[PDB]
Amino acid sequence: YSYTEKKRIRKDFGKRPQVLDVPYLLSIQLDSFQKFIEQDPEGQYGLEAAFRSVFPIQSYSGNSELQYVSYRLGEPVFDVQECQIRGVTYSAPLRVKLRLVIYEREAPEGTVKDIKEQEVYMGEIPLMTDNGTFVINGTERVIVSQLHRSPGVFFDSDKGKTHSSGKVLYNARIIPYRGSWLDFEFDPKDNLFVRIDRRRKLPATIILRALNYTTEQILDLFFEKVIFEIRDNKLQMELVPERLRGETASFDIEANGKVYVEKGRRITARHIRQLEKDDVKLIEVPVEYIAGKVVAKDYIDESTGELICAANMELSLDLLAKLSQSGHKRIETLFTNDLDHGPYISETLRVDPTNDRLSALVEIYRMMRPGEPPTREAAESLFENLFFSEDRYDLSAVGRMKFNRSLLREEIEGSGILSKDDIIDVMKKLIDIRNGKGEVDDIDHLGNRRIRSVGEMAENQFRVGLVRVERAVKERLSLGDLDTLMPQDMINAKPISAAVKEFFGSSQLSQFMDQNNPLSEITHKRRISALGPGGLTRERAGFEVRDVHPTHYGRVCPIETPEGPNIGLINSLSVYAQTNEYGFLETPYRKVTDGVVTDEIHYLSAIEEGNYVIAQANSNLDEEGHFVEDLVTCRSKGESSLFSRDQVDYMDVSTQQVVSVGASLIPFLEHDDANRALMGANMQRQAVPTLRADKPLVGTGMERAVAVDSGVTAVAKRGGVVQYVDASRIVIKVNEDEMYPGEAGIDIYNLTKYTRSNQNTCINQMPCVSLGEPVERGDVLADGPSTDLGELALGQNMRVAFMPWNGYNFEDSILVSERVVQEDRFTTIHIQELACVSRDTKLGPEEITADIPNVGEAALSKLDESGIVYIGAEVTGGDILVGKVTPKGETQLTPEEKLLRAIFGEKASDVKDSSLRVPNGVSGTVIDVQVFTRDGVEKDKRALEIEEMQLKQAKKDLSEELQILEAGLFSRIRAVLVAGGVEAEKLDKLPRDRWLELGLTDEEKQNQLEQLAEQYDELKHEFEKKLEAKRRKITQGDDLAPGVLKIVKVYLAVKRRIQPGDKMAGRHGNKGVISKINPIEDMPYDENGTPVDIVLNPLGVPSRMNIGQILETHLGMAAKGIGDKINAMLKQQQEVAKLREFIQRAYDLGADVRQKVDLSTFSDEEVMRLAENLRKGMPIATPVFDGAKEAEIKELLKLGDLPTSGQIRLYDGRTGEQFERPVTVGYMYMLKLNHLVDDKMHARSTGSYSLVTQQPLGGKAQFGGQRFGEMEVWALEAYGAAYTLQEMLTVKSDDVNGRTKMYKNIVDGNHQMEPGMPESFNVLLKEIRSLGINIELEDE
Amino acid sequence: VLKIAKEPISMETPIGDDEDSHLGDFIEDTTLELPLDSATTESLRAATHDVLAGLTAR
Amino acid sequence: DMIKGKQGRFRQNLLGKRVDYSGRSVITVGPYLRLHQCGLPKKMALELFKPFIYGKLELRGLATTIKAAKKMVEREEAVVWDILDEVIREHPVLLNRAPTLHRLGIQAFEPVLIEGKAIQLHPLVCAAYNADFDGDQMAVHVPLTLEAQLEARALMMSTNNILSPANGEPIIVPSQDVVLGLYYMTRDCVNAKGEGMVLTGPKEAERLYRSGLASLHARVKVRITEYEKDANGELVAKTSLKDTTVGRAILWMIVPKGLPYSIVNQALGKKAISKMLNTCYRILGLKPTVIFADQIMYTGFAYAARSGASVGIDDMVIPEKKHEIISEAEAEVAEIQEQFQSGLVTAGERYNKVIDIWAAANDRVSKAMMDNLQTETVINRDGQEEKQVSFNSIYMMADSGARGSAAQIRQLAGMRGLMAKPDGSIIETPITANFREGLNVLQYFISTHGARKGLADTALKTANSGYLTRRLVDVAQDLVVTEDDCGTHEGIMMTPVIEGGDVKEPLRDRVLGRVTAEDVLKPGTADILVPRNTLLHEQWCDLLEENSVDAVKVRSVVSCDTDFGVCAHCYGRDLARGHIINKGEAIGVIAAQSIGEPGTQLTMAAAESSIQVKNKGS
RNA sequence: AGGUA
């Protein structure tokens, strides 16, 4: 039992015990990259697959082949911390073993000579962090997993557009993993067409002609032969009694010598059964029935070889007479039924203009490339490379398995390139679907959509890099020497590394990690994107993909997605879902034996799920997996229904498996509207970390899992006893049974403190443990941002009352007590970044100095002698941080300026001020200063000081580690020395460093003493080499981009408090803006006198359907009542027994609760620890759909000595008169979103204009004005608003002359305008004239 | 030379990896005198003219 | 590509014609503000008006140069703040919503300096902006020149735009909290303190309520002087006793002189308050209407706060028959499924029957819930119990029309009923649970489809409405009122519309504000009650109702003989006034906006067998 | 790119 749990036990409701612990929430990314990077002894995902696919590379003449052996990952030159500090990527060098082999020159193959290049460096690949992220430019980036149509065959239905004919059609698309798409589509004329990619359709038989198939061969492979024996008169035919279905009697149906069905009759099942039981062999048929038939193959004369019949023509009297007289006896016709295989292939062959492979190749080559005279070799090469080139066309394992699955083959593996048999099978399946025998497949079923995680995308991009470097290598093998030359000189690392960096850094699916919550990071790493390269563009809607499909159940969270124009495209992966081996989504299900529901699990994929019937997680089971309902609700084929308890095959593992972490963290989700729950889940990711991040009273139980699994929490890798606690360091003495052989020593955890996140929010870790605390693996040593006691603590729990209050909470607004700002809660810390670059201009190199010409001495005060502000100095907007100056160029002076300089005796300064000022509107303390001067450029004093600081920090860390290790070494040295003759009297009084100067007689003890002396020397060398290695990193400068001499980074920490205008919300989706912070007295207060911290508009509940917030408020009353009672007991300090009894009763209170009770804790210390942790309230865990009921909430409220109805009458603050009827009060978890009003102001009257236009916009310090778009112009035109419109258009927007004249007039105190002409219109005129078009302005 | 070897980039490229805003939409016109400075120049011209009027003729 | 753009030409109009002297910030409620003013943060006011501050500082001579004034304003000394107050005092500023659907999306207000960082917006105006305080950001523009200041004060002002341009009924209508307060103040109980008292003036009513000697609502006889606009426009003071409630008298204190007391002596929902404002505007004018609207806002907020109206967990009382109805409907659908296996009923007929059974069950459950919540109060008047309107809060927000309709409360307290799955087909088995009895996993997964469809529909319909209103603006761009009158007896035959079997839009509403094209006679005698072509205001509509004429010829804009524009008469009167349109007004743009703005609200036996006339007539 | 209305 975790000691972290011992410190605070969250009361968990829920009547159905979970049998499957929550999976490691980041398993997707970690497993993806492990598959990408780990060695494979066989062809498997990752670098190995790409290398074995592209290697060996064969030379274009020369017999000089490059063969692959293996790859090795070099250890990164910089760790994560220094990578973030220095702004460089966290990457590992890639080194590959290769061999150049030269065969017999020139003769059949066989090696003559071979040379080996070992560990050749062909680029650096970003290495994955332990948090599941990558560091690329000092910013921690995340690669979102992509949901894309799986390689294979999709038999889609074409509907809604019918070529003005109706009769919706079918089309089969072969989507390769890499290569060209293939399409087999139908037309309303019942003809089949082939499209390579999306070019012009060709008749479908052309591909078969190119595949070297005769017309008779095609007809045999597709249609069924019908045997016609030339006997009696005008032939008889061999009739299968099963063949005649849905046909009319146009021919006498004879059997046993007599006709059973006469011509003109309707053939039913009775006649069919009679014929089958009578076993009709052959029947005589009239020639009229024959005249509509089609001959399958060719027929020549049997005595003179004259052609009289060929493949695929209709039959007629003359042809029948010719074939009868020629000497034939057997005629093979085509079976053509309008319900069975129809006249599709026959008519397609009729449309076919080609009859041979060569013409098919010509047609393919001309449709793929317009014109382009069809050279036979070129056409053959194009056709072969389109579908049969392993380096140009590939399906991969997933594609092959889907290909065989849709064609119903027991094979699940095979060659990536297509074969003729596969194409023919695809045609047969599509034709059967056209006949109605087959069924279409959704392109939205999760079985047809595969997830490319980080590893697969990286491997594909690395394969592209290998392809381009393969082109380079193949060019070089013939351009370069055809004999011995070292292969490292012919491999180019620039393209592969550059492309890999392009993928990881600048891509649609490589995003800055949304880093303001542990939940935000978890959601971003679990995000599933339908966009990106190879996915879906935003040109969609396209409702199908955006809509939630029934297969998403338990695989993708249905209620978490952005509300922008990408809704239903950016999903979040469910809590329990994991990627299948083939990349599909599989979810765990408890295997259900007919009678007993077993505890064993099976991860069912999407397609496998439909076969079985799956029971809902709400099913009530007593004892060992026995249902209490004979008919239980389940889902089998995507439709929910009641099934008897003896046919169920699987059950949901947990009630929370149908949502993601963000959705799962919302309490009483079962009581909320899906729209508003979606809004709440989306906003929960935007919570800003809070300085006092305590806990949510009403949790869901995923708080601990989310906090632990995210990287923001320092978790003890190996258990033991806490040896040292510090705000920056935590040192753990590992347990005896957990240390490696020899001296493994201590485990040190450096706590990340006050570091800029990607949202300019502070992320620091505070130690939540103390000295001597026993910790074990998986314990929370340090609580990260928005995390306390190992629980996820985004927002804060606050007392809220649902009532209108003088209209200040009017739309969705929140009213907030002054106690909130007084308690300094919801007060966030924003660490923003400022960069001042001293560059090298052609006017002269810029420099950083304290002395700035023509500036106030206050600016000089805050800087050192190096021109850099002191760390910890308080600065405001406009203050100078870095004393940059730029060599001033030539100066032009107006006559008045010349007169003034002549008068005052002053002259132009040779250097202009370019110092970095604080942008106006922000304040705060300079907490950190970074100085980056490139190697080869002289260092300044401040950089030397910073390097010395970090050097001594590393030195202190190393010295602490070394002194602990050497203290252990000296202790064991004394232990050895005391043995073999008592030498403990003098040794005990001697310094531990003088303990190796005592000799001993020749023995095992003496040899051990010598070995330990050698170990001491080795430890000294280890310390020296470690210090040297880290000093090399510290001392060396950062190789910056050319042009910048130095970079000065300054961190500003703004303690930004909550104020009116800030956006604040709840978990359930209730939103709003804080209207006014009233004084504490004005708050309505209860009878006891506690004023309510927050007042919410109650009218927002019954229309937003989110009653769950009311239940959360009531449960908050219950929790805080238990907390108040336990706090009163603690102040009264009754005894251990009373507090233990009360806590036990509180945990017991419920119904079929799986909480588990005490005593299993310590008698006194743990009881008081729990009491101190709960005095602020007992946290309650409400599972997502196994949550607490109203009866349980009311019982818990009764335990808290609180009104059962959850409503207390409140006395107004202004009038001191109680409101009529009670009002709902309670402790609700409220969130401060990252939409602070301080960031939302921008205002300008003068500033950034533009180059091409004069529209005012630009600047991250002062932005442009507000876009007065066409909507607002219409709004003004609607009124008689003319002069205001003209101001919007000319004076303040684009008329530079008018703008200056207006500014001068307003300063002078005059209000009138020059209409002028906006510069935008002059730009328009000049640009129209730039074409061959005249445009002018004409007077009357 | 390494700085020279790189070619200029278009403003039509989106800033921030396919944001619907272009790079050139942010470029400030540095060849335009600020209206603050223009008003300062006008006031200085007026003051110099007044002062010259305060002196003798020649 | 640089010329061709979307939407429209980029640099000229969109995107986007950026403007100077503008700011932007999050908006909050302004419940103390007057209608003609809005709260503007001090920092935005200082930054916006820097040239004005410089001008006034140099005017009073506190700075010898513009640079010195800049130093003074960046130091933000207390001196510049008085200058700022002076320049703000008269200067109006334009407030703009991020999307602009109709001309009310930009309105002038007098800025009031506030410490803080968010724009305080008048609560009445947020309805016009379609702005809810959930992080919405509004922009502020400064009309610089004197002509623009005047132009904003005359036209841009909120008080000048109390009526929607698409319909005469007011757009500044009390919406949710103030409506709830008014409803609680006017809704009567069956027993409370101080019933049967006799009072003179509503002042005694307020005294009794504030002293706690009576209840906010209780049947009381009060002597009140109502003023009637009669004779030629002269107030007629009539003092007599009315049987009303204390809250109603307290409200009547607010109501300006000139309105009948009957307007407030009733339960007041959203419709009642909107009608009362419309009557006040039609009878009194503009200034009394604005003052009365502000006063009613203040009164509603105050008495809503004093109400203590709260939504608990108990104020969604589950109807007692929910389980019975659900079990019954389950029995019939089980019987129908069993009969389907017998082959007696076809699959389509079985599906239709099941859907109808579940619909009937849903209607029964909703009716039982509404009966339970509506008359939940059974308290005795003096000892005899009686069934009257419930004090239940959710029923107050449902009935007053503040927020949440009957369908809304139906998903909360009853059962949320049928919904649809992909392919848009209604699901066979509906949701038998509501939000007070938490939905299970599968039913929530079902509801997710409806949620996704709703959200995608909202997005696509918003885009389509934007494109539509753009096209309407394009076609109606150049149209403007150029003549006061053209002279034409043409027009359209104008009648109350009857589609199906019943009238859904009467003659008066369709003809109100129109000009006559023919002097239509009475339905009986051949008497002209409407003179030659003239504007039809409320009095003429009442006259037409009294002598009900079937049809009226009305001069439409289409039949106007004016070229390069339309004559004033052929248009009508509608704008923000009951008077005829003014020459020069751009009717094309206002019409395009009026038709475009509600586009976001658009998300879309006995018939043909035997005609059954519902009423008795010729 | 992500997020807000």
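In order, the residues displayed for chain C correspond to 329-932, 944-957 in Swiss-Prot numbering, which applies throughout.
Even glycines carry a Cβ here, placed using N, Cα and C.
Copied from Swiss-Prot, the annotated features are:
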BINDING   C:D460, C:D462, C:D464  Mg(2+) binding site
BINDING   C:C814, C:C888, C:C895, C:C898  Zn(2+) 2 binding site
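In sequence order there is nothing to list: of C:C814, C:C888, C:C895, C:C898, none of the binding-site residues comes within a CB distance under 8 A of chain A.
Put simply, of the binding-site residues C:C814, C:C888, C:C898, the one whose Cα is nearest the Cα of C:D462 (Mg(2+) binding site) is C:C898. Taking Cβ-Cβ distances under 8 Å and a sequence separation of 6 or more, the neighbours of C:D460 (Mg(2+) binding site) in its chain are C:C454. Between the candidate binding-site residues, C:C814, C:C895, C:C898, the densest Cβ environment within 10 Å is the one around C:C898. Neighbours of C:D462 (Mg(2+) binding site), defined as other CB atoms within 10 A of its CB across all chains, total 19. DSSP gives C:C895 (Zn(2+) 2 binding site) a strand state. Other than the site residues C:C814, C:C888, C:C895, C:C898, same-chain residues with C-beta atoms no more than 8 angstroms from the centre of those residues' C-beta atoms, the Zn(2+) 2 site, are C:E811, C:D813, C:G815, C:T816, C:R883, C:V885, C:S887, C:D889, C:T890, C:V894, C:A896, C:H897, C:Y899. Around the Cβ of C:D464 (Mg(2+) binding site), the number of neighbouring Cβ atoms within 10 Å comes to 21.
Of C:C814, C:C888, C:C898, all annotated as binding-site residues, the residue with the shortest Cα distance to C:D464 (Mg(2+) binding site) is C:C898. Close to C:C888 (Zn(2+) 2 binding site) in the fold, though at least 6 residues off in sequence, lie C:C814, C:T816, C:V894, C:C895, C:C898, each with a CB less than 8 Å from its CB.
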